[PDB]
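First, one chain by itself in structure tokens, the form deposited in one PDB entry.
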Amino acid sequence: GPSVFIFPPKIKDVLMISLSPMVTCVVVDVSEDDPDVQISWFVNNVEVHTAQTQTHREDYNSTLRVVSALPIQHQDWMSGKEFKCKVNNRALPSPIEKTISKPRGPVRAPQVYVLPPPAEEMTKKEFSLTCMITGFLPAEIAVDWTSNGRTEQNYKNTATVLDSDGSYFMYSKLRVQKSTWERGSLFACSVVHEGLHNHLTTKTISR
């Protein structure tokens, strides 16, 4: 029978004013036999009408998937409003309702350090800069690297890890060519998180 998953906005979309956060309801395992699904949306129990809906056939398994995305405003998310989708379909005994909201909770800024390559690695052609990001709450975060305003396309983030502290940590590893490092370039680890002034901090390292 059909199931419904509700998704919050991406952290970066809600913490940066130029972006476009979305709350999304996804209805999965809609039978070919009962294909018609009615989705309706609510913000603090007031019905709203701006959601964009798409329907995908999954012919291979005789099902369909319906995706409904509500475009939201950053302040409504940050102030705690409840976003609710109600899903109706003839194969359900009653409508399924899913709700989501920003959980109220403690907020700890991460400490962010950019660490140079180890001495033992300098003898190589390329090597690893480490962005260490510790002590943050809640777990939602975004971490990216740039150089001279160019997004580097060769870094890897670890998954976030719960520290024995109650807080979370992660690391991001940037691979850099020796030549780029020796010509004096600035590498910037930028971290987006609820704790940070203007929701953003950027730490830079070079030779």
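Throughout, we count residues from 1 along the sequence that is shown. Between two forms, the rigid core is the largest collection of C-alphas that superpose within 1.5 Å.
Although not depicted, the form deposited in another entry is the subject of the following passage.
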Q. Comparing between the shown form and the other one on the rigid core: C-alpha of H197 shifted by 2 Å or more?
A. no
Q: Spell out whether the Cα of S128 moves at least 2 Å between the shown form and the other one when the two forms are superposed on their rigid core.
A: yes
(Q) With a threshold of 2 Å on the C-alpha, tell me if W41 counts as moved between the shown form and the other one once the core is superposed. (A) no
